[PDB]
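Report on the structure
Residue strings, one per chain:
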Amino acid sequence: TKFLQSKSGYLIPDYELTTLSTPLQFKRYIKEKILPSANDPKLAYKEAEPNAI
Amino acid sequence: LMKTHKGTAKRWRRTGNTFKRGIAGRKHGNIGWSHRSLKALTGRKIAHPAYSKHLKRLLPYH
Amino acid sequence: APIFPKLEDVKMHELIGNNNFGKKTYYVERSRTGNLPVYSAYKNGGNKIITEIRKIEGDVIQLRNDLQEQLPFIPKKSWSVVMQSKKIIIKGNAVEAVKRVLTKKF
Amino acid sequence: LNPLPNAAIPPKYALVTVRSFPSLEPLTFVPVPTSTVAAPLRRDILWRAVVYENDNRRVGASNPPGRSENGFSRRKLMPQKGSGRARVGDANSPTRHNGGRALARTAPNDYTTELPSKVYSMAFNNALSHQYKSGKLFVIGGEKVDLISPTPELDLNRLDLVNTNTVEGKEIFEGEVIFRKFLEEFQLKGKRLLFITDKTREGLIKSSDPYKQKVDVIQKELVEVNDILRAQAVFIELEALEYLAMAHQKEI
Amino acid sequence: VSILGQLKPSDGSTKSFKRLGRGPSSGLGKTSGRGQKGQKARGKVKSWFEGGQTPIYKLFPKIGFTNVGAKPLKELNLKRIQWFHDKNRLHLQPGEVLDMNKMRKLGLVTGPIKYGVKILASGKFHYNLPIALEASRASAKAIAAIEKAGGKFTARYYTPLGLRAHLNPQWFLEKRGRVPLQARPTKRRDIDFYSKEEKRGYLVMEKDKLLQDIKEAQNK
Amino acid sequence: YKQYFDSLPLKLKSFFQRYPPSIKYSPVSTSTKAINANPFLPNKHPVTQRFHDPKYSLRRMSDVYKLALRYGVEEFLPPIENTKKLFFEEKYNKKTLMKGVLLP
RNA sequence: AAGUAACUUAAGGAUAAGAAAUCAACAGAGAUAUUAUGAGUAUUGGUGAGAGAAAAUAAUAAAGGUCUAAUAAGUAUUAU
RNA sequence: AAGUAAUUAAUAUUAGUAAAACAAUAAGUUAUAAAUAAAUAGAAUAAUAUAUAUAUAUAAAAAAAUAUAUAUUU
RNA sequence: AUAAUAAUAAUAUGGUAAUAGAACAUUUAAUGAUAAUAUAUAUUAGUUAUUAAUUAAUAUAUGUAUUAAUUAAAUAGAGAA
Ligand SMILES: [Mg+2]
Ligand SMILES: [Mg+2]
Ligand SMILES: [Mg+2]
Ligand SMILES: [Mg+2]
Ligand SMILES: [Mg+2]
Ligand SMILES: [Mg+2]
Ligand SMILES: [Mg+2]
Ligand SMILES: [Mg+2]
Ligand SMILES: [Mg+2]
Ligand SMILES: [Mg+2]
Ligand SMILES: [Mg+2]
Ligand SMILES: [Mg+2]
Ligand SMILES: [Mg+2]
Ligand SMILES: [Mg+2]
Ligand SMILES: [Mg+2]
Ligand SMILES: [Mg+2]
Ligand SMILES: [Mg+2]
Ligand SMILES: [Mg+2]
């Protein structure tokens with residue numbers, strides 16, 4: 001997980017790390033959450049407006 | 001803070017979720033009356049629900 | 001004794017997101033003194049008796065359904081599961097029966 | 001035959017990564033118990049804790065002058081009858097424009113509310129768990145525990161900056177710069193930060209002081225539910241986190 | 001965003017307080033729930049003021065007296081002890097008696113034991129413990145149940161200080177380097193009670209010195 | 001030994017300083033002028049022939065004695081025989097029961 | 001209501017109190033002073049209105065004990 | 001320009017904990033047993049009251065009143 | 001076995017004293033994007049079953065809401081002294 005984080009550039013949260021039991025699961029998570037935001041910066045999650053569409 | 005009505009405390013004692021009291025009319029002038037009839041007034045009596053609230057307010061720590 | 005144990009002794013199944021505890025399963029933790037958390041409660045000025053069941057982890061609906069299956073004699077209607085605190089209220093003083101049902105597993 | 005088929009045993013340990021400070025680098029995992037760091041998020045308990053804390057915090061300095069406090073004479077301004085005007089007493093009445101306030105408060109106004117200790121502990125746990133879920137709970141340590149990856153050369157295991165007090169070349173100092181660099185790295189310049197130390201980290205607070213409006217460095221003992229929840233990312237020492245867990249554990 | 005701007009109380013916790021004297025459609029309009037024009041409307045009569053009739057704290061005669069010499073024991077039923085034993089909370093080494101201090105330690109009795117403990121018999125049927133008990137006193141039925149179980153009761157005298165010392169001997173040691181000595185029964189009634197074999201009083205059961213001294217005095 | 005002595009409570013230490021154990025103080029009441037005059041007893045003044053009150057008033061004396069008992073330094077204090085106070089186990093043992101207890 | 005308001009007099013940075021002719025109860029404690037529990041309990045009242053302790057356990061608190069008196073008489077006590 | 005505050009008591013609703021709660025320094029308050037003016041009395045001898053506990057009464061019952069009992073204490 | 005919305009059938013919906021339930025305006029505290037193409041206040045005309053808010057135009061201010069929302073509270077609403 002540390003290696004994955006280092007290569008990625010991004011931080012996978014502690015809870016997520018605890019949950020995900022396989023490399024495949026980790027990959028799937030990454031594809032879901034970080035990837036789309038990385039692709040499109042307007043699509044990214046903002047803190048002050050968490051319920052944005 | 002609130003305090004107990006001492007006269008009321010003297011008159012009334014606790015009995016679970018009610019108060020018990022002595023009967024009125026058995027301190028003098030008893031002669032002439034029937035003794036059996038008088039025996040009704042010798043014991044104690046539970047508080048009537050009409051004045052239960054009043055009693056509670058008088059005796060906050062009971 | 002130690003609050004956080006070492007990394008070696010902790011197994012994988014002990015961690016969160018393992019063994020599938022969320023999906024349609026539950027637990028009912030005993031009290032500090034070591035008794036089943038099932039209590040009589042006398043609401044509305046002693047007029048409304050109800051049996052409360054506390055300390056439920058996981059799916060409460062499933063647990064309720066299981067209890068109903070165990071105790072068919074209690075009606076279906078009288079099983080109010082409050083979701084905010086996760087506790088399941090029953091109408092009668094049905095404490096002892098509930099305890100009996102739970103004891104075997106919890 | 002099978003009485004409670006869907007009964008099962010819950011998970012009991014969540015892994016939190018133990019990091020080196022200046023650069024948040026994974027050194028080890030540490031399994032903290034699920035009750036501290038992964039409780040179900042009960043909002044009502046959290047609310048109770050917050051409101052109580054707010055009530056405790058109150059100064060309560062409202063001190064408007066009542067008709068006694070207000071400083072007019074006690075004299076009757078116009079005689080009761082034979083004036084051709086409404087009846088008046090002294091000039092202090094709430095009814096009149098210069099008079100004192102009706103039902104006036106008098107400072108200090110005690111706004112202190114109570115909470116059960118257990119409830120408060122539960123709330124404290126709950127807030128921490130919520131923070132962990134968010135991905136806003138950075139556990140820094142490695143001194144006591146057995147490591148996997150070794151600590152970096154320029155980082156350190158405690159939550160502090162080195163040679164902060166030293167300032168020889170220019171008025172600018174190194175610990176501040178390091179802090180700024182750290183902020184730049186993890187993209188939390190304007191965000192609220194909450195550094196839960198164990199012992200007094202003087203250099204850290206000095207480094208912070210530039211960003212005092214957003215960064216709050218607190219001890220292990222004086223940290224609050226409010227402080228934890230307000231924070232955009234908490235930075236807790238492993239030892240401090242252990243202590244908190246011990247404090248707010250349900251007793252057996 | 002932080003949770004701090006989205007916290008509510010639990011449903012059913014809070015209420016809106018009834019706010020008076022604030023417009024007609026509010027409900028609590030001009031009169032503000034007071035009614036109309038009386039003493040209660042603008043002033044204060046007492047809640048229990050009965051009008052002038054002889055009140056319910058005057059009609060009736062005053063009854064009884066407060067026995068200041070009374071010292072109410074906390075009651076412990078055999079049933080509770082049995083339950084504790086079943087639960088495996090009744091931790092006793094062989095020979096060690098279940099004394100009032102011991103009960104407190106275990107959590108059999110809980111809250112402040114000011115004057116003592118009486119052992120009552122509410123689960124005398126299912127009581128089967130051969131352990132030895134010791135309290136301020138016991139019910140006759142309770143005693144009989146204990147005897148049947150193969151147990152052994154002893155009613156033991158304790159002045160309030162002596163009781164306190166018994167409950168928490170370490171405190172006294174900490175303060176003064178010495179636990180205080182247990183007093184003799186000075187009172188006549190107390191002496192009489194513990195001199196009874198039927199009560200299983202300690203003065204007869206242990207064959208005390210005080211009782212012997214009294215007997216000698218009587219003789220002489 | 002010196003360190004242990006120093007570790008003794010304050011009042012006891014003060015007493016030892018101002019009435020030291022080298023002097024064998026009297027068991028009985030004495031002249032106030034005497035060197036061996038017991039501070040716990042009421043000593044008579046030789047000229048006036050009036051009993052002076054004890055140098056250590058009764059409470060203070062009792063406290064001192066209890067301190068000595070605690071640290072096992074009783075015999076170095078001067079004797080409390082003719083002061084009517086007994087203490088603890090000795091008091092318990094030596095006392096006669098009241099007339100009311102023995103003969104109701 | 002209240003030994004309150006008020007008037008009068010006198011002192012000090014504070015004053016007052018303070019090292020038991022004290023409490024307690026046959027076991028014991030050990031200056032003062034303030035607060036919490038004890039407790040609106042005991043106690044008391046045209047037994048109405050109402051008034052209401054102490055012991056004990058906690059804090060706060062300072063080194064907290066220490067002679068300065070030839071050990072105290074119109075004093076204790078009694079009556080009123 | 002007008003139902004406010006403080007110290008208390010009783011109800012209710014929810015939430016925490018639960019045969020315990022609050023508090024953890026001990027101490028205390030409430031609960032855990034019902035009575036009785038008060039006293040050294042106090043809940044199935046073999047089961048629902050027809051048993052038991054207390055107060056009146058008594059040799060002990062009966063009698064009035066309230067309370068206690070039909071894997072798990074409330 | 002819930003919630004929201006919408007159907008159908010039925011019953012109910014005058015109200016002083018009073019009781020109960022649910023909202024809104026205002027001000028402060030906690031959390032908090034955004035921005036002169038914006039925000040606030042005012043006027044006029046529209047809109048939403050409408051004490052309220054919103055749209056447009058016009059005016060004046062301000063490089064800007066302790067803003068929306070949830071909580072906590074109130075010197076929280078005036079034709080009646
Ligand atoms: Mg007749
Ligand atoms: Mg509040
Ligand atoms: Mg109306
Ligand atoms: Mg009117
Ligand atoms: Mg009227
Ligand atoms: Mg009349
Ligand atoms: Mg007076
Ligand atoms: Mg005066
Ligand atoms: Mg002075
Ligand atoms: Mg007091
Ligand atoms: Mg003298
Ligand atoms: Mg003298
Ligand atoms: Mg006189
Ligand atoms: Mg009799
Ligand atoms: Mg209507
Ligand atoms: Mg106003
Ligand atoms: Mg106006
Ligand atoms: Mg109008």
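We count residues from 1 along each chain, following the written sequence rather than the entry's numbering, and we skip any residue without coordinates. To label them, take the chains in the order written and letter them from A, then take the ligands in the order written and number them from 1. Each value given relates to the chains shown, not to the larger assembly they are part of. Only hydrogens and water are set aside when side-chain values are computed; all heavy atoms of the structure are taken into account.

- In the PDB header, cryo-EM is given as the technique by which the entry was determined, and 4.97 Å as its resolution.

**With respect to the protein's contact with RNA strand H**
- We call a residue near a molecule or strand as soon as one heavy atom of that residue lies within 4 Å of the molecule or strand. Taken together, 90 residues sit near RNA strand H, with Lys20 and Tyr61 of chain B together with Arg22, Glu75 and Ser139 of chain E positioned nearest.
- Each atom of RNA strand H within 4 Å of the protein was assigned to sugar, phosphate or base; sugar and phosphate come to 70%.
- Pairing of N or O atoms within 3.5 Å defines a polar contact, subject to two protein rules: one partner must be a possible hydrogen donor and the other a possible acceptor, and residues neighboring in sequence count only if both atoms are side-chain atoms. At 3.3 Å, a backbone N or O of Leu1 of chain B approaches a sugar or linking oxygen of RNA strand H.

**Thoughts on the arrangement of the chains**
- Contact criterion: two residues are considered in contact whenever any of their non-hydrogen atoms come within 4.5 Å of each other. Contacts are most numerous, across the eight pairs of chains in contact, for chains C and D.
- With respect to C-alpha atoms, chain A approaches chain B no nearer than 49 Å, and the pair has no contact.
- The two units chain D and chain F remain apart, with a minimum C-alpha distance of 34 Å.

**Things to note about the protein's contact with RNA strand I**
- Neighbouring RNA strand I are 33 residues; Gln68 of chain C, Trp47 and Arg105 of chain D together with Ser2 and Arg22 of chain E lie closest to it.
- Restricting the count to atoms of RNA strand I within 4 Å of the protein gives a sugar and phosphate share of 61%.
- One of the side-chain N or O atoms of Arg105 of chain D is found 2.7 Å from a phosphate oxygen in RNA strand I.
- In the environment of RNA strand I, a phosphate oxygen lies 2.6 Å from a nitrogen or oxygen atom belonging to the side chain of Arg22 of chain E.
- Only DSSP runs of H or I covering at least 4 residues are called helices, and only runs of E covering at least 2 are called strands; the numbering of each starts at the N terminus. Counting residues per element, the surface near RNA strand I draws most heavily on helix α2 (residues 60–70) of chain C, at three residues.
- Here the surface near RNA strand I is built from residues that sort into nine nonpolar, nine polar and 15 charged. Under the grouping applied here, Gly and all other residues not named as nonpolar or charged are polar, the nonpolar ones being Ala, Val, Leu, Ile, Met, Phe, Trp, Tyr, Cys and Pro and the charged ones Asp, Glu, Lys and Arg.

**Some points on the interface of chain E and chain D**
- Taken together, the contact pairs 10 residues of chain E with 11 residues of chain D.
- Considering only the surface of chain E that becomes buried against chain D, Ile3, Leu4 and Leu7 of chain E emerge as the three largest contributors, covering 55% of it.
- Taken together, chain E and chain D are joined by one residue pair in polar contact.
- Partitioning the side of chain E that touches chain D into residue classes produces five nonpolar, four polar and one charged. What counts as buried area is the accessible surface, traced by a 1.4 Å probe, that two parts surrender upon association, with contributions from both included.

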